[PDB]
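Taken in order, these protein sequences are the chains called A and B. Position 466 of the first sequence, counting from 1, maps to 466 under the entry's author numbering, and the rest follow consecutively. Position 86 of the second sequence, counting from 1, maps to 86 under the entry's author numbering, and the rest follow consecutively. Below is one structure; the comments refer to it alone.
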Amino acid sequence: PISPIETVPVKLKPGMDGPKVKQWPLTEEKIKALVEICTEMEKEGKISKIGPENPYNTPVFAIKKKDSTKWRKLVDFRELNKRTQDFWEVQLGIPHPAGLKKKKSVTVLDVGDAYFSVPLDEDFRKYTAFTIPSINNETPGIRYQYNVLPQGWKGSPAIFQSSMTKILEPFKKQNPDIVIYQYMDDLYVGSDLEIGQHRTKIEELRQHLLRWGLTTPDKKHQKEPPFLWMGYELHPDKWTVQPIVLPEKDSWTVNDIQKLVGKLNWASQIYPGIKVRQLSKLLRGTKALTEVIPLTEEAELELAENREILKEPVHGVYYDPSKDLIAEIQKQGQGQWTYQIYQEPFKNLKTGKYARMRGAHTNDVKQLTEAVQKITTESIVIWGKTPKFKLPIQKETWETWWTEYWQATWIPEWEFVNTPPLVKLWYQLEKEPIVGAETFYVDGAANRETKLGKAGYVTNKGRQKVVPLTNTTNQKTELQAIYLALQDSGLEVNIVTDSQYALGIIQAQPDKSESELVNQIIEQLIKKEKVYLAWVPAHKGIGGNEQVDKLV
Amino acid sequence: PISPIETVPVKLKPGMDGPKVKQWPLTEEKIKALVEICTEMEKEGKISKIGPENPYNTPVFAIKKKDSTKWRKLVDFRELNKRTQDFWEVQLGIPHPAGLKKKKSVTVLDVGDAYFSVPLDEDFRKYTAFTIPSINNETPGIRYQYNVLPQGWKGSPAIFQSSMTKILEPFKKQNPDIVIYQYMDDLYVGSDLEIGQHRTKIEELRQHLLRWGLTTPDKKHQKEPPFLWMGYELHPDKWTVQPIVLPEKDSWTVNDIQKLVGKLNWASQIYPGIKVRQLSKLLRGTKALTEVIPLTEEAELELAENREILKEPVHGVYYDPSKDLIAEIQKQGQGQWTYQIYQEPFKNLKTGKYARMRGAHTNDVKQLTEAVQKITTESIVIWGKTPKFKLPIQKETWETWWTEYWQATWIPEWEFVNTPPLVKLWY
Ligand SMILES: CCc1c(C)[nH]c(=O)c(I)c1Oc1cccc(/C=C/C#N)c1
Ligand SMILES: [Mn+2]
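Below, the structure is given as structure tokens:
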């Protein structure tokens, strides 16, 4: 029955008045069916007959979606909601398992008829008006309105949980031990005691709630360890996700791929290795839901790589607030990194991946940082703190990049791990030029319209070269050029560009890239003994350019 | 206290609605902190718990002000501000004395604690709502709303401005040369007295406040100097410099005249008359890079001239008080940071450069945040309004760590940046 709880007073958006939408009658058999239910309803107090004064109305419906037994009431409240003031967002998040406390005995509780058990703001009831249709369509009208949280209203889940909390306050205090996660109609009670006293506390709780119209599982805390919960297999000493079966066809569509990848990520929380660069690397510029997407070679292999992983089962362990949180990262390859958080070397609290920015030439150090960052955030949301990091980078390779790097960076405390691959600098650029080094004044220039270009150079030693290029661009060429200087230069070289862009790119120190060319370049910087790239202004600024800008 | 004062009715801007900002995730440590602080305020009536009919929300953090063994609650009323005090910048605007930057020593006193006495307009309260977070989403945030003028909210000083100028009256009477600007929770007493007498006049003032309006400021040192004791004295008159300085050298090379034709060529955008064709022509050849070459006598008239156009400031550079101030900071190295405060590209209204510790507690972040509070405070003194920082750092790292070394009661506006390219050569 209905609780003695006080009501969260509700209002309608500014200036708006209640909803007025007349009922479309039909199916008189249903028409009585409603009154049938409605009656045992007003009976229980969930609603009440109302005098034809102050009326409004919302569409009343009756349906049976099941293995037929009971016809059911349905009150689409949309146009009502549309008019109800905003509330406080309900926890639109979900207690991630990785941060749950290994507890002794855990009980869950299905609060019944939640919403209905809680009353409704006395002066907001009017707007919950409806009307079951006439036997014959001549309007005798059966008028009712809600005295509780109407099944589909906007302000419902809010005020429900609002009420649930208050109600549980004394109890959660009368017994400070017992933890209680609350989610929708459910209540997850956790304790560290014996099935005897734990089972006894439930009853306390269970009966405390009933003193406020909140009914609970009569089969004395009906718990199904482990619980299929929000896509999680919850055991009392391990967690996972069971229904993780990825389909295999021979015709994939933008849509099928989406669903696939989504599933693949979800898996990531705990399955060491799930890669996804390859499959998503397919959905681009094209957003055509049911368009035939040809699986790729890598997609096929990556999808295959994931299967062998997924094939086998892997569990998770819960949080011991007593130990230290450790997070470690390993670098996969194509701009991919994976990691896992722990407190025990065989156990694992959770795992996950991290993918490079989608479009730029990046760096294994910056990325490693971007990763350490991600985890720090996640870690804070879940556990309440930051973890100690075990990173595949030497305190020296790092401190060197951040001390060179133009941007602030504060990586919390970490220790080195010798497990390769090893993050590192594949090439440093000389700060001051090279004496005795050949000087290449490189340059590029392409015809925007005609899509043709030229890359060349002119050295101090009189050496020139002008290579032709097709399907290129001012930029392409401007790197095409450097690549040329490095190709014809000796083990020691000085290069001069008129393009900040080309400079900048290299200046960054990318080791990998989605640019055949920049890789062509990176590969050569590495082989060099000493490289000095320097920048001089373009047109007016014309150092050794007087020679390059022309020919090229 | 216990004194029902009438309530200055507050209204947000035209067709504007309360703030609905997400409450960032905190550390258990900090939750626990705030929890207690609020549990207290509620105990003192300063605040109250709300129901779910309050859709509104403004972020809260925990920090330690004077390093102290305990924390402070720092509410980020940055959104609610734009949605109100920007008409409590008018309906109650607080005027900015253009001479306080002129004093010799500006000391800053925290008065935010006066506010807690004035009850807040009941109809507005619903907007001051904040939410203490939960870990891993177990329970739902703890919900509170203010019943008294809040702190980070610019409507608070504004409303108090009355009681203030009153209290401060039989004191500007006596000491008339002292200037006192109030910007939020901070009082800014400026004077020309000798370092020490001033420091005295302050305690004088400070004790007045306490004596008079029970308004309590704070004691920096415990009269005990551990070799690590301050008080917060600012000295504005000595706030100018001209960091942009071509290098001084005996022998130059291709690489040198070159890096120089750059920085120099680029100055043109900011300094009206400086062309360098006769100096740069000396490069039109494909000479080696290490090759040393002497500076043409003819061209050197440019290096000379320009060396001088770099001593006398820009012209059409005035302060538009309809516009907001922008502060761009750049990582310089070894603990040094350069910064410009402008309004329109290339027309700076000030340029500085923080630095405090090269390699001890040298932490990019901590530095950046401290430099941010410096650049700020200066401007709060110079123009009576805080800028918006284009910060050279990853949005998330910043979001995670700023609250760590922050000690100000206000908070500015910021955004994260691409990269300072050729702009680093501003050292
Ligand atoms: C058994 C997992 C668990 C742990 C490890 N620790 C706890 O304190 C609690 I309460 C738990 O039960 C939960 C946690 C989350 C959801 C439910 C409800 C399950 C369902 N359906 C129970
Ligand atoms: Mn070019």
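From the three backbone atoms N, C-alpha and C, an ideal C-beta is built for every residue, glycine too.
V106 of chain A has its CB nearer than 7 Å to a heavy atom of ligand 1. With respect to the 8 Å criterion, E122 of chain B and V8 of chain A are not classified as neighbours on the basis of their beta carbons. Apart from the 5 residues on each side of it in sequence, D324 of chain A sits with its Cβ closer than 8 Å to the Cβ of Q343, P387, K388 in its chain, given in chain order.
Taken atom to atom, the span from the alpha-carbon of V241 of chain B to that of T286 of chain B is near 38 Å.
Taking 7 Å as the cut-off, one finds no heavy atom of ligand 1 near enough to the beta carbon of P217 of chain A.
In this structure, the CA atom of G196 of chain A is about 19 Å from the CA atom of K102 of chain A. For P4 of chain B, there is no enclosing beta strand (DSSP E), as DSSP gives it neither H nor E. Against chain A, the CB of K102 of chain B has no partner CB under 8 Å away; the residue lies outside that interface.
Secondary structure of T369 of chain B (DSSP, three-state): helix. A distance below 8 Å separates the beta carbons of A114 of chain B and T215 of chain B. Distances from the CA of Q336 of chain B to each of B:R277, B:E328, B:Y427 were compared; the closest alpha carbon is that of B:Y427. When secondary structure is reduced to three states using DSSP, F87 of chain A falls in the coil class, being assigned neither helix nor strand. In summary, the residues of the region 526-540 of chain A whose CB is separated from some CB of chain B by less than 9 Å are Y532, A534, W535, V536, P537, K540, in the order they occur in the chain. Against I393 of chain B, the close residues of chain A are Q407, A408, in the order they occur along the chain (beta-carbon pairs closer than 7 Å). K82 of chain B: member of the alpha helix (DSSP H) spanning 78-82, first to last residue.
For a cut-off of 8 Å, the C-beta gap from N54 of chain A to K126 of chain A is around 5 Å, short enough to register as a contact. Among the residues facing chain A, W401 of chain B is included, as its CB has a counterpart in that chain under 8 Å away.
Apart from the 5 residues on each side of it in sequence, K66 of chain A has no Cβ closer than 8 Å to any other Cβ in its chain.
Cβ-Cβ separation between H221 of chain B and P272 of chain B: approximately 49 Å, too far for a contact (criterion under 8 Å).
One alpha carbon belongs to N363 of chain B, the other to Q507 of chain A, and they sit about 23 Å apart. Taken atom to atom, the span from the alpha-carbon of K353 of chain A to that of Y318 of chain A is near 20 Å. The beta carbon of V189 of chain A sits closer than 7 Å to at least one heavy atom of ligand 1. Following the DSSP letters along the chain, one finds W153 of chain B in no beta strand (DSSP E), marked with neither H nor E.
Take the alpha-carbon of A288 of chain A and the one of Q480 of chain A: they are about 36 Å apart.
Residues of chain B with a Cβ closer than 7 Å to the Cβ of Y181 of chain A are, in chain order, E138.
In this structure, the CA atom of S105 of chain A is about 10 Å from the CA atom of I178 of chain A. The DSSP-derived three-state label of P468 of chain A is strand.
A distance filter of 5 Å between CB atoms and the heavy atoms of ligand 2 selects the following residues in sequence order: A:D443, A:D498. Judged by beta-carbon spacing, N147 of chain B lies beyond the 8 Å limit of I37 of chain B, meaning their Cβ atoms are not closer than that value. At least one beta carbon of chain A lies nearer than 8 Å to the beta carbon of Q258 of chain B.
Between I37 of chain A and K73 of chain A, the C-beta spacing is below 8 Å. According to the DSSP assignment, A455 of chain A belongs to the beta strand (DSSP E) that extends over 452-459. Taking a contact as a CB-CB distance under 8 Å, the pair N348 of chain A and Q336 of chain A does not count as one, their CB atoms being some 19 Å apart. Membership of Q332 of chain B in the beta strand (DSSP E) is indicated by the continuous run 326-333. Looking only at A:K461, A:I411, A:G384, the smallest Cα-Cα distance to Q367 of chain A is reached by A:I411. Around the beta carbon of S3 of chain B, fewer than 16 other beta carbons lie within 10 angstroms, which makes this residue exposed.
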